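Protein chains in written order, with the deposited numbering: chain H, 250 to 466; chain K, 11 to 404.
Backbone N, C-alpha and C define an ideal beta-carbon position, used for all residues, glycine too.
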């Protein structure tokens, strides 16, 4: 409890982050580990840098490993899903940044790829603006980053995901999909279909289509 | 073809035209191509059904007025995506009057479609998705829907209790269906089940869970072995681990029924790993244990006998727990309660041999503990412990 509250020292500087790393890595790999951590963190989703910390604690201190990939996955997914399910301005933009960092630890550490990239296709799709891109590649752990770059099946998954839609998530998913230039080909045909849907859109699905169209261009 | 027809129907329609369009789904005769195509068609048609809501109150086909509503019930003879969109429009409100009727209908339709509901969950078991985290997200929302209806509240009607019952029945059905013999060997049975389970727990403890559980338990117990075990096993998540911790305790509160049946539930399954983890999680902590006294006891019994020596370790572990100093300074009085319970169980069973070695530790424990607790306000509480131990290795 103490620790949880504590993550907000007046004098953060470098010592602060050093110690952030310290506590996260102190968790290392004991009993309750991931689980315990996760619990408290999920409660006060105000500290995913601590999520990163412990993510990375597991990354350089552990056990149950694809199971830890799963734990990681869970937390990660959760984080994105909730957070990127709406919007923010001051604090939670940085929360998203922190989420990118925890994604990082996770991704790298686990080579998780399946869990990881379901959440990357998720989390990658998250990128959006500035910081986003940075975090994305970082978490990506280059091999898999380029793996995804190649990847087209994942792209199709995303295509239909977007088709179902929700909001801006879908919008920017399409944005970064485009960014991820390679060769549409199949995606070009898929996106033609998207457009068609796109075109159709009466509601905000209309602006979704606008951004989509930009991507297409 | 399909797309064209859909567009036409959505645009302009006379009575006969509308009728024919509706009958389109009935005719089908397009395998699953038609199905997926129409899944999208009906997504659009459900949006078109929001538009059809105003067309239904525009004196259209008075005779078969519920038919188009039955065409919405023909959607209700469809996919969970659509159920997906049922929830979507449910969120959507809009149709106030018409939607009240709609959702009323939706609800009882969906009592049947919750069967259908989790048969679509069972169909997902039969099927599979690589990017289905959102299927689960949707599923979660769908799970949430009983409480999301509550959330929606607004007018509100049949409640979550019944959601209770609904859930129970659904599960039952699923289970037996699955049972078949083993017409469903896929684990996705357990997946959906557990997904749901986890969700349930998260969503709500005590009443819901337990009621479901009780009925289920009884039935299941009575008639299942491999299958029983399987579902039980199937149980998952971390949220659901402690979800299951809680579940288990809910079931504990399920008392003696829980005891025998969860002697069989542990006999259905303990399967090492996470069980052990949460067993000790529980061991460590906590709140309320008259149920667990019994709880403790039976749980212990079950697991211990499932897999011997689990107990031993716990017993061994427990010795350490008896200590104080820092602990003497710390804690409240619940710890003591816990301690008492432990003592009792310990007394109950092991090997004999156990006594001897544990007595090494016991003696040790005793001594330090003695000092500490000799310092017990509840000097007698501590003394009682001593006597127990004393007895144990006279």
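(Q) Along the chain, where does the alpha helix (DSSP H) containing residue 172 of chain K start, and where does it finish? (A) As a first step, residue 172 of chain K is located in the second chain; it is residue number 162 there, counting from the start. It spans 170-189 - the alpha helix (DSSP H) in which residue 172 of chain K sits, taken as one unbroken run.
Q.
I'd like the ranges of any alpha helix (DSSP H) spanning at least 4 consecutive residues and lying wholly in the region 301-342 of chain K.
A. 320-332 and 336-339
Q. When you compare only the Cα positions, how much space is there between residue 59 of chain K and residue 181 of chain K?
A. Translated into the one-based positions of the second chain, residue 59 of chain K becomes position 49. Translated into the one-based positions of the second chain, residue 181 of chain K becomes position 171. About 31 Å.
Q) In three-state DSSP terms, what is residue 282 of chain K? A) Looking up residue 282 of chain K in the second chain gives position 272. Of the three classes helix, strand and coil, the one that applies to residue 282 of chain K here is coil, per DSSP.
Q.
Within the continuous alpha helix (DSSP H) that includes residue 245 of chain K, where are the two ends?
A. Position 235 of the second chain holds residue 245 of chain K. Per DSSP, residue 245 of chain K belongs to no alpha helix (DSSP H) and is neither H nor E.
Q: Give me the Cα-Cα distance between residue 126 of chain K and residue 113 of chain K, rounded to the nearest whole angstrom.
A: For this step, residue 126 of chain K is matched to residue 116 along the second chain. For this step, residue 113 of chain K is matched to residue 103 along the second chain. For residue 126 of chain K and residue 113 of chain K, the distance between alpha carbons rounds to 16 Å.
Q: Look at the alpha carbon of residue 193 of chain K and the alpha carbon of residue 14 of chain K, and state the distance between them as a whole number of angstroms.
A: One-based indexing of the second chain puts residue 193 of chain K at position 183. One-based indexing of the second chain puts residue 14 of chain K at position 4. When rounded, the distance between both Cα atoms is 40 Å.
Q: Run through the region 190-223 of chain K for me and flag every whole alpha helix (DSSP H) of 4 or more residues, listed as ranges in chain order.
A: 198-213
Q. Helix, strand or coil: how does DSSP classify residue 164 of chain K here?
A. On the second chain, position 154 is the one that residue 164 of chain K refers to. It is coil, neither helix nor strand.
**Q.** Integer-rounded CB distance, given that residue 230 of chain K should sit under 8 Å from residue 238 of chain K
**A.** Start at 1 with the first residue of the second chain, and residue 238 of chain K comes out as number 228. Start at 1 with the first residue of the second chain, and residue 230 of chain K comes out as number 220. Confirmed, Cβ separation roughly 5 Å.
Q. Can you tell me the Cα-Cα spacing of residue 399 of chain K and residue 376 of chain K, whole angstroms?
A. Along the second chain, one-based indexing puts residue 399 of chain K at 389. Along the second chain, one-based indexing puts residue 376 of chain K at 366. Spanning the two alpha carbons is a distance of roughly 8 Å.
Q.
Do residue 355 of chain K and residue 307 of chain K have their beta-carbon atoms positioned less than 9 Å apart in this structure?
A. Sequence index remark: in the second chain, residue 307 of chain K carries index 297 (1-based). Sequence index remark: in the second chain, residue 355 of chain K carries index 345 (1-based). Yes, these two residues count as a Cβ contact at 9 Å.
Q) Within 10 angstroms of its Cβ, does residue 383 of chain K collect 16 or more other Cβ (buried), or is it exposed? A) Walking along the second chain from the start, residue 383 of chain K turns up at place 373. With 16 or more Cβ atoms within 10 Å of its Cβ, residue 383 of chain K is classed as buried.
**Q.** Nearest-angstrom Cα separation, counted from residue 61 of chain K out to residue 177 of chain K
**A.** Within the second chain, residue 177 of chain K is the residue found at index 167, counting from 1. Within the second chain, residue 61 of chain K is the residue found at index 51, counting from 1. So the alpha carbons of these two residues sit roughly 32 Å apart.
Q.
Is it the case that the region 203-214 of chain K contacts the region 244-256 of chain K, given that we only count it when at least three CB pairs across the two stretches are under 8 Å?
A. yes
Q.
Less than 7 Å between C-beta atoms, sequence neighbours within five positions excluded: which residues of the same chain meet that for residue 110 of chain K?
A. If you number the second chain from 1, residue 110 of chain K lands on position 100. Within the same chain, residue 110 of chain K has close Cβ partners 165.
Q. Of the residues K:256, K:195 and K:129, which one's Cα is nearest the Cα of residue 87 of chain K?
A. As a first step, residue 87 of chain K is located in the second chain; it is residue number 77 there, counting from the start. It is K:129 whose Cα lies nearest to the Cα of residue 87 of chain K.
**Q.** Start and end residues, alpha helix (DSSP H) containing residue 122 of chain K
**A.** Here the question's residue 122 of chain K lines up with position 112 in the second chain. From DSSP, the alpha helix (DSSP H) with residue 122 of chain K extends over 106-136.
Q | residue 24 of chain K: first and last residue of the uninterrupted alpha helix (DSSP H) it sits in | A | As a position in the second chain, residue 24 of chain K is number 14, starting the count at 1. Per DSSP, residue 24 of chain K belongs to no alpha helix (DSSP H) and is neither H nor E.
**Q.** Closest Cα partner of residue 392 of chain K within the set K:366, K:369, K:353 and K:84
**A.** The residue labelled residue 392 of chain K in the question sits at position 382 within the second chain. Nearest option by C-alpha distance: K:353.
Q) Contact check, residue 55 of chain K vs residue 28 of chain K under 8 Å by CB: the rounded distance? A) The sequence position of residue 55 of chain K within the second chain is 45, counting from 1. The sequence position of residue 28 of chain K within the second chain is 18, counting from 1. Contact flag wrong, Cβ pair sits at about 12 Å.
Q: Determine the extent of the alpha helix (DSSP H) in which residue 375 of chain K is found, giving its start and end residues.
A: What you label residue 375 of chain K is simply residue 365 of the second chain in a count that begins at 1. Start and end: 364-383.
Q. Would the beta-carbon of residue 273 of chain K fall within 9 Å of that of residue 234 of chain K?
A. For this step, residue 273 of chain K is matched to residue 263 along the second chain. For this step, residue 234 of chain K is matched to residue 224 along the second chain. Their beta carbons are not under 9 Å apart, which means residue 273 of chain K does not touch residue 234 of chain K by this criterion.
**Q.** Among K:57, K:340 and K:287, nearest to residue 103 of chain K - alpha-carbon criterion
**A.** Against the second chain, residue 103 of chain K aligns to sequence position 93. Nearest option by C-alpha distance: K:57.
Q. Quick one, which of K:224, K:359 and K:188 has its alpha-carbon nearest residue 416 of chain K's?
A. Residue 416 of chain K lies beyond the range of chain K shown here (11 to 404); nothing can be said about it.
Q: Evaluate the contact criterion for the region 363-375 of chain K versus the region 335-349 of chain K: three or more CB pairs, one atom per stretch, below 8 Å.
A: no
Q) Since residue 208 of chain K and residue 249 of chain K are thought to touch, with beta carbons under 8 Å apart, how far apart are those beta carbons, to the nearest angstrom? A) Here residue 208 of chain K refers to the residue found at position 198 when the second chain is read from its first residue. Here residue 249 of chain K refers to the residue found at position 239 when the second chain is read from its first residue. Between residue 249 of chain K and residue 208 of chain K the Cβ distance is about 6 Å, and since that is below 8 Å, they are a contact.
Q. In the structure shown, what three-state DSSP assignment does residue 234 of chain K receive?
A. Position 224 of the second chain holds residue 234 of chain K. Note: residue 234 of chain K maps to coil in three-state DSSP.
Q. Rounded to whole angstroms, how far is the Cβ of residue 214 of chain K from the Cβ of residue 262 of chain K, which I believe are closer than 8 Å?
A. Here residue 214 of chain K refers to the residue found at position 204 of the second chain. Here residue 262 of chain K refers to the residue found at position 252 of the second chain. That belief does not hold up - the Cβ atoms of residue 214 of chain K and residue 262 of chain K are roughly 17 Å apart, past 8 Å.
Q | For residue 227 of chain K and residue 287 of chain K, the rounded distance between their alpha carbons | A | For the purposes of this step, residue 287 of chain K is taken as the residue at position 277 of the second chain. For the purposes of this step, residue 227 of chain K is taken as the residue at position 217 of the second chain. If I take the Cα positions, the gap works out to 24 Å.
(Q) Between K:335, K:319 and K:351, which has its C-alpha nearest residue 361 of chain K's C-alpha? (A) For this step, residue 361 of chain K is matched to residue 351 along the second chain. Residue 361 of chain K has its Cα closest to that of K:319, out of K:335, K:319 and K:351.
Q) Quick one: is residue 158 of chain K near chain C, going by C-beta distance under 9 Å? A) Absent here is chain C; the protein component of the structure consists of chains H and K.
Q | Buried or exposed by the 16-neighbour rule on C-beta atoms within 10 Å, applied to residue 26 of chain K | A | Counted from its first residue, the second chain places residue 26 of chain K at position 16. Under this definition residue 26 of chain K is an exposed residue.
Q: Within its chain, find whatever has a CB closer than 8 Å to the CB of residue 302 of chain K; leave out the 5 residues flanking it on each side and keep chain order.
A: By one-based count along the second chain, residue 302 of chain K stands at place 292. 259, 262, 309 and 351, listed in sequence order.
**Q.** Closest Cα partner of residue 334 of chain K within the set K:349, K:325 and K:321
**A.** On the second chain, residue 334 of chain K is found 324 positions in, with the first residue counted as 1. With distances taken between Cα atoms, residue 334 of chain K lies closest to K:349.
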